[PDB]
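J.: Task: produce atomic coordinates for the following.
(chains A, B, C, D, E, F, G, H, I, J and K)
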Amino acid sequence: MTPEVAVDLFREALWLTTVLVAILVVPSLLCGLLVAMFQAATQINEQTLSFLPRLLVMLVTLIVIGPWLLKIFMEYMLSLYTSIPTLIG
Amino acid sequence: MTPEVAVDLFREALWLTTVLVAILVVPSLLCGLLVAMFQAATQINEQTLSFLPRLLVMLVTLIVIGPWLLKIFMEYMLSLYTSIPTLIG
Amino acid sequence: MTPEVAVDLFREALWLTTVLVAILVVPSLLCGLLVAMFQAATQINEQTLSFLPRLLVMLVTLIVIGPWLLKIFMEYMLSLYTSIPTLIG
Amino acid sequence: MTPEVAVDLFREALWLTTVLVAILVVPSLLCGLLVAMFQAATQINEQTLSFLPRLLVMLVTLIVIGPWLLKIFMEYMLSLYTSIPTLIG
Amino acid sequence: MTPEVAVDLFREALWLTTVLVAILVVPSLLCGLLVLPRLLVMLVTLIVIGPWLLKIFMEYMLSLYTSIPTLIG
Amino acid sequence: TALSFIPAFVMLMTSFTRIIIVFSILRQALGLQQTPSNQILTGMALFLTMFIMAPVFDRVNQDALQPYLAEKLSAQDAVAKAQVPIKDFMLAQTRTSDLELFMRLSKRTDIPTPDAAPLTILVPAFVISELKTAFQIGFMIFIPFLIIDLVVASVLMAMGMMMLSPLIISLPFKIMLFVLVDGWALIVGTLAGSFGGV
Amino acid sequence: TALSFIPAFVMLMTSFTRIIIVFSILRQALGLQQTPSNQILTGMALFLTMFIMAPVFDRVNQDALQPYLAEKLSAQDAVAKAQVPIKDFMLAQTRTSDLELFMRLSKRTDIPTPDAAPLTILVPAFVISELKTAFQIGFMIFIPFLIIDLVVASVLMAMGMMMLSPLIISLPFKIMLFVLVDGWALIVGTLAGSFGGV
Amino acid sequence: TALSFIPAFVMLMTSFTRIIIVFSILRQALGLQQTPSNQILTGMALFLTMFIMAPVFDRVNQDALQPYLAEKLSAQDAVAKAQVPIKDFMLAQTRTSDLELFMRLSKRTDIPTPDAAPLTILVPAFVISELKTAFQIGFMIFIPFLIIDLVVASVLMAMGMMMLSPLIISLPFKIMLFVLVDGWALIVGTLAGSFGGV
Amino acid sequence: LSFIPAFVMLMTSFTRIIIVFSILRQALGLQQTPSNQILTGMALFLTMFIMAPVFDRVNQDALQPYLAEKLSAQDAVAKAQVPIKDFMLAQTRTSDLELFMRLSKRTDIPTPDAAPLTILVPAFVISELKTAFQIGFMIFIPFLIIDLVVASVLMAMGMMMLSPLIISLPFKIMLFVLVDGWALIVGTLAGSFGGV
Amino acid sequence: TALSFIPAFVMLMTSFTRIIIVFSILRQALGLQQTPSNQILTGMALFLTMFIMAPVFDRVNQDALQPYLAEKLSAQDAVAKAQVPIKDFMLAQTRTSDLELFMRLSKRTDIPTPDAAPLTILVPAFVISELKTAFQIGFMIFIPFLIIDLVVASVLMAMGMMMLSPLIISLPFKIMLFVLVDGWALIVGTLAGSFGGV
Amino acid sequence: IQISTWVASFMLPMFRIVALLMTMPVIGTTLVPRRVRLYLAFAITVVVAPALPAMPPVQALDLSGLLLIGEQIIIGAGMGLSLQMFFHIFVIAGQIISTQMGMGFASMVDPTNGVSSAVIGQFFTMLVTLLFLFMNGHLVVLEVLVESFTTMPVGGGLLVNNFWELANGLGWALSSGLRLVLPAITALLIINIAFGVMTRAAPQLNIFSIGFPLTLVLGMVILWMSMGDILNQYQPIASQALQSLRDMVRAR
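T.: Residues are numbered from 1 along each chain as shown, chains lettered A, B, ... in the order given. Take a look at the structure below.
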């Protein structure tokens, strides 16, 4: 196993992590920007009508995405655990 | 146990979580919007007459909701813990 | 111990908590509303002459209330810890 | 040790805290009110010429007060730590 | 420590904090008095001050440490 | 193997598990602090267990050890005669639901007497009832510290003073409130009273 | 080799692994608390083992011990006659996929009967199947406490009140919910019921 | 075995329980810092305990071990002759309420002697009084650090400077104030004075 | 007493197996109490199952003829050393062997290991730790992905101080159940070990 | 007791304690980052301790081990001949106030020499003066990091940048200002200089 | 038995190599059970025991071989720590990045999870363990230790009073850590400040709401980008650390 292979593996891991985090988070970030809209229209300097919609949209995004995110992760894990005995040597 | 079943379970969990959070929080969010009303009528740029009513309404909402939220959760937990030996296999 | 009893206990706890928080906080909130008065009379868009009086009044309220709040809490705790062996069964 | 004694101790603590906070903060609050003067004379709706003088005056107040505030606190601490073995019982 | 010494060190540190924050923020204050600009003035100030402020802080940190053994007692 | 077995025995067949767990909850319920160290908590629970089992150990020494300082018998019926007192004692505190559930899951044969013919079916029912009661007590003794935590956090936020970690400010109020109501005598009396019939 | 003998053979070939793992997933699933000490947990798992291995040990004492109080044989075929019950018991619970996998990885000779001639190929099969089932049960019992955690944290944040460590406020709600649904008899009956064919 | 026995007997009947706990409160009371390691706190409290137990251990050595370098007796009355001084010592500090509570919960017989005829009922009362008093002391020595914390947080919030986490700022202030008032000689003095009769 | 279990950990499969299982116990949710006493037993049973051919050959060449009072404490022990010797040789990487021949500085043996076996055992265990950490981090990576997704979602929820390990534990368990988890890992161990 | 013997007997009578406490304060004083890991902090502090005890251990070897390579004496006076140099070294750094305090709290008899004839009254005095000096150094080295925290937070709130947690910004600034000033040569030189008489 | 006379003769290099293995970052990180490590060191010592002198401690000075064992344990632990700070370079780099992303709000309490290091610190530690193992690294150390028994072998031992060097150790570690993440750190800083301008430009931008999701989305990307260069940045550091070991033992 070459350091090149270790970099391969960590590029898999980190790209999967960043795409999962984007997929899960960006809608919550957008709803945060939209409650920022709302608080900027009328000068509502508030602290939590910006958190509640973000959490609701995060949980809705988890529920919606759900199975196919789980499938992506499952066969990433399956790729890793089937290729282990080859990349060992 | 199929990945389909795991998605079933997590859909139960996440829908229960989001409905509990909405039920508990939305009145506090509304009282926050109403103190935002009050601070927008007269230019009261304040920081905590927006927190105190929200906490009072949250605790009142907990006290009022109380038993039937606890019952919903109890028989959700009972459903899970009675179905475990079947969904095992 | 019935779920009804658990709701009894949490109604004790939450009503005690909300009355303690009101007793401790409402004078600070009122002094915040009064510095809001002051900042609304002359257009003093300031950020901390609204915090200092609120903290001073909160500490003065703690000092004044003090012993009898502590007594209320002490015999609430005493009620709970004397009734435990009965409400067990 | 009686609950009365605990209230004694916390009255010491809270009065010392509020007098320390007033001594340290009130000059900064006054310089904030004075930059509020300045921003009210000419319509300078600014955000930080109100912070810089307040910080400068706070640090100058710390430097000036300094030793005698430290002495007050030192012999408050010394009173507490010499009276502990008596107020134990 | 003989608290007088502790007050001395704390006065030194507070005066240094005052000096640094003043040097950094007063130019932005003046440019805000004249009028995104203030951030640009902060950047210009950072770059134009550069090595000598870090060097004075380095001298002070070095002095603190090199003095610790004697200030202990 | 006996060396590893004995402490599990002294825990499961005696009061220990109800006490330590409660104490554990207290160490969480009380100020966030760790290090009452669960080594003086373990010793204190052991001492409370000795103090509560004093009648049970008294009856055991009466029926088993009092005649067996004279080389009467070994590894035989006397062990059963010593099992009888602790068996009846454990029966005194197992909830009926747990015994019903374990007789149902054993399915061997119905026994007319309430005592289960094997100790090995009675002990887990006793332990389940013990954990249930211990969590009941621990939650009850938790509630007021939760009240203090919510009060302090709400006051801190109400002074606009976010990010002060209300647990660090609440630890002394928790300790004071737990010494003014006498705190430990209350809980130890509750444990030792709810355990037996007074 | 006795220390590698007892806890390796009889704590893996019997129900101990899934019970102890489920109890640990509980102790963590339950409020963050430690000190159920994994010692009363090890003991409770051992007694649940004795309670569940009751028919298996009954059959063992039937086919092996009952005639061998009379000095019949020693270190011979009676050991295989004692392996038969535990072997078919283990077979009753190893998933088909697992036995397929280990017969494939052994490659020796296709044994006609489902259990391969030796035990050293069935025990790893049993242990892997037991770990899969134990993680299934542990995750299943974890879900609702995760729900309480998320709800409590969300309510603390929605009160504008962060930095309050929602786990310390969730510990009593977790204990309360785990006592009201009766908690421990549910999980113990689930273990002993999903374990065998009812 | 020995690790099970030594801590209980030698660190719950002695002063250790009061000292270490107080020190732990210190480690919390002081700046948020961990790692005075509770391994130099344990050794330091152990030295303070051997230093307070000096008269007690002197009298035990005189009453038991001084005549028993000459092979006089073993595992008999000498043990009670050694129990008497530690018993009187523990009685000197056990609050009256706790002795009354435990005499009430034991119900055996009214024993007029102030020392509890069994050490097994006097030791738990002593440990409860020890916990109550150690929490009293630790809370006392906590108060001024709470003062410093509140002052720092109020100054920061008064500079409009939120989220600078007044605790990390307060840590060196707490250390400075705890050195200028001599800090450790003070607290060692309070412990060794409040523990004994001066 | 501990001489006999020693030569079993070093020479047999036990090392990389127990190491991969320790990685797992750490790779999985922070949980302890798979107790390393059922992990030791599970790894020892996997060692028996994997050494089945090796121990079969040992019994063939050594114990089959030595139920008959043939010989004791002599060359038969080397006849038993031969099979385990070539087995270990099959898995020690070339680099470790080169290095230990270099460190011994003895008579040149580029052909298989020195007969005392004293300079193949440590090379085997070194290559063993190397491969075990390989597989360990290989199976550790996806659990790291889960940890990072959980922590980043929680922080992106503004919901800090929730200790994302306590929320990541059930997702780790769920993912380790769905991909079937344990059969994958045990098959990987027992397949990457020998030639398939 | 050999595992408890090492820290208490050796790690307490040496430089370790103030070094490890200053290192912990540093790890906290430094950017909020943990994991200099207190596993290489302990090794690093132990090697500093060895470098600083070099003359002390040289004297010990001179007067104890150099004649005792030759089977001279066992477990007798030579131990005191080796106690002498470490005792004088410990006196060199114990404050007069703490020695006075412990001579007052012992009340045994005025020892003529300034050194405490028993060691067990000099070691805790050494440890208390040690903790006092360690917290002194800790506050000192914390000062500039507090300065940077304050400056960065002032600028951050001065740009209306709320909720950016100026500690998250100050960590790189902290480590940069800690590396440019060379950081560790400084602190380790301060420890090694303050410890000895130069 | 009646044979255990020469196997316990040396008994010293066993202690040296054990001390190295216990304090090494990979062999001795509690993922390896202590039985494996102890018997591994026993095997390495029956390999290397030829071609080295002994200096027997046999029986004199009620226990003097204990002084000598202390000497060797010190030397071996020094080796281990000297190459442990090497891995802590990357540990510290990863954790600076993790904190700046916003995964360190466990600092200013210490009731908490802690500054989560399993998330990133374990990540970079796995990186480095793999890379280190694939280089001759894990091997060269052993070679190094062999030469140890020829530079400061046994007897008086000539232990050293050089500890100062590795006591100054962590310094360059911190330094090295910076030079690994400087292109990342700065980026993150800019992002923060960048987001700050938003908050300054448009008020009521609560950036527990918007600041940290953005910072984490971009911090994962920045991690992935720096992981490209990580190897060319790593290569000189391992060389310098192994030369540090080389001169630590070979000198004196």
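
J.: now residue K:144: how far from chain G?
T.: 36 Å (Cβ to the nearest Cβ, to the nearest Å). In short, each C-beta sits where N, CA and C put it, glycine included.

J.: ok, and the closest non-adjacent residue to that residue?
T.: residue K:245 (5.1 Å; Cβ to Cβ, 6 or more residues apart in numbering or on different chains).

J.: Equivalent analysis for residue K:79, please.
T.: residue K:20 (5.1 Å).

J.: Which residues are in contact with that neighbour?
T.: Each residue near residue K:20 by Cβ atoms under 8 Å, 6 or more residues apart in numbering or on different chains is listed here: K:76, K:77, K:79, K:80, K:141, K:145.

J.: could you measure it against chain C, distance?
T.: 57 Å.

J.: Mind telling me what element that residue is part of?
T.: helix K:12-22 (DSSP states H and E).

J.: Report the distance from that helix to the chain centre.
T.: Its chain's C-alpha centre and that of helix K:12-22 lie 17 Å apart, by Cα atoms, centre = their mean, to the nearest Å.

J.: same thing with stretch F:89-109?
T.: Relative to its chain's centre, stretch F:89-109 lies at 19 Å (Cα atoms, centre = their mean).

J.: And chain I, is stretch A:78-89 touching that?
T.: Yes. Counting by Cβ under 8 Å from any Cβ of the partner chain, chain I is contacted by stretch A:78-89 at A:78, A:80, A:81, A:82, A:84, A:85, A:87, A:88, A:89.

J.: Going by neighbour count, which residues in the helix or strand containing the first one are buried?
T.: Okay, so that is residue A:78. Using DSSP H and E, residue A:78 falls within helix A:67-87. For helix A:67-87, a neighbour-count test (16 or more other Cβ atoms under 10 Å in any protein chain shown) marks A:69, A:70, A:73, A:74, A:76, A:77, A:80, A:81, A:84, A:85, A:87 as buried.

J.: how close does the residue positioned nearest the centre of chain A sit to chain H?
T.: The C-alpha lying nearest the average C-alpha coordinate of chain A belongs to residue A:21 (Cα atoms, centre = their mean; 1.9 Å). The spacing between residue A:21 and chain H, counted by Cβ to the nearest Cβ, is 24 Å.

J.: what do you get for residue A:26?
T.: Distance from residue A:26 to chain H, by Cβ to the nearest Cβ: 25 Å.

J.: Residue K:216 is in contact with that residue, correct?
T.: No. Using Cβ atoms under 8 Å, residue A:26 is not in contact with residue K:216; the gap is 11.1 Å.

J.: if you count what's nearby, which of those two comes out ahead?
T.: residue K:216 (24 against 15; other Cβ atoms under 10 Å in any protein chain shown).

J.: For the more buried one, identify the helix or strand it belongs to.
T.: helix K:211-250.

J.: before we move on, what about residue A:54?
T.: helix A:52-65.

J.: again, but for residue K:61
T.: Using DSSP H and E, no helix or strand contains residue K:61.

J.: That one - how many residues pack around it?
T.: 18.

J.: what's near enough to touch it?
T.: Counting by Cβ under 8 Å, 6+ apart, residue K:61 makes contact with J:65, J:68, J:69, J:70, J:71, J:72, K:67.

J.: Please apply the same query to residue F:156.
T.: F:162, F:164, F:166, F:169.

J.: isn't the second one right next to residue H:166, touching?
T.: Yes. The criterion here is Cβ under 8 Å, and residue F:164 meets it with residue H:166 at 6.2 Å.

J.: Now for the two: what residues contact both?
T.: Residues touching both residue F:164 and residue H:166 (Cβ under 8 Å, 6+ apart): H:149, H:153.

J.: For stretch A:28-43, which outside residues touch it?
T.: With contacts defined as Cβ under 8 Å, 6+ apart, stretch A:28-43 is touched by A:44-46, A:49-50, A:53-55, A:57-58, A:61, B:36, B:40, B:45, I:156-157, K:202-206, K:209-210, K:213-214, K:217.

J.: Would you write a PyMOL line that selects the buried entries of those?
T.: To isolate the buried ones among the contacts of stretch A:28-43 in PyMOL, judged by 16+ other Cβ under 10 Å, type:
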select buried, (chain A and resi 44+46+49+50+53+54+55+57+58+61) or (chain B and resi 36) or (chain I and resi 156+157) or (chain K and resi 204+205+206+209+210+213+214+217)
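
J.: Tell me the residues on chain A that lie near chain F, please.
T.: Checking chain A against chain F by Cβ under 8 Å from any Cβ, there are no hits.

J.: how far does the longest helix along chain A sit from the chain's center?
T.: Counting residues, the longest helix in chain A under DSSP state H turns out to be helix A:3-41. The chain centre lies 5 Å from the centre of helix A:3-41; the measure is Cα atoms, centre = their mean.

J.: Just put the residues of stretch A:78-89 next to chain I in TSV and tack on distance to chain H.
T.: As requested, the residues of stretch A:78-89 next to chain I are exported to TSV (distance: Cβ to the nearest Cβ, whole Å):
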residue	distance to chain H
A:78	42
A:80	37
A:81	39
A:82	44
A:84	39
A:85	44
A:87	41
A:88	40
A:89	43
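
J.: and of these, the nearest to residue K:91?
T.: residue A:80 (24.0 Å; Cβ to Cβ).

J.: OK, contacts around that closest one?
T.: Per Cβ under 8 Å, 6+ apart, neighbours of residue A:80: A:9, A:12, I:138, I:139, I:141, I:142.

J.: Now for those residues: which two are most distant?
T.: The most widely separated members of those, counting by Cβ to Cβ, are A:12 and I:139 (13.8 Å).

J.: most remote residue from chain F's center?
T.: Quick read of chain F (Cα atoms, centre = their mean): farthest out is residue F:160, 42.7 Å.

J.: Could you check how far that one is from residue G:49?
T.: Residue F:160 sits 57 Å away from residue G:49, going by Cβ to Cβ, to the nearest Å.

J.: Can you tell me the closest non-neighbouring residue to the one residue in chain A that gets nearest to chain I?
T.: Distances between chain A and chain I by Cβ to the nearest Cβ are smallest at residue A:85, namely 3.7 Å. Of all residues beyond its chain neighbours, the one nearest residue A:85 is residue I:192 (3.7 Å), with distances taken as Cβ to Cβ, 6+ apart.
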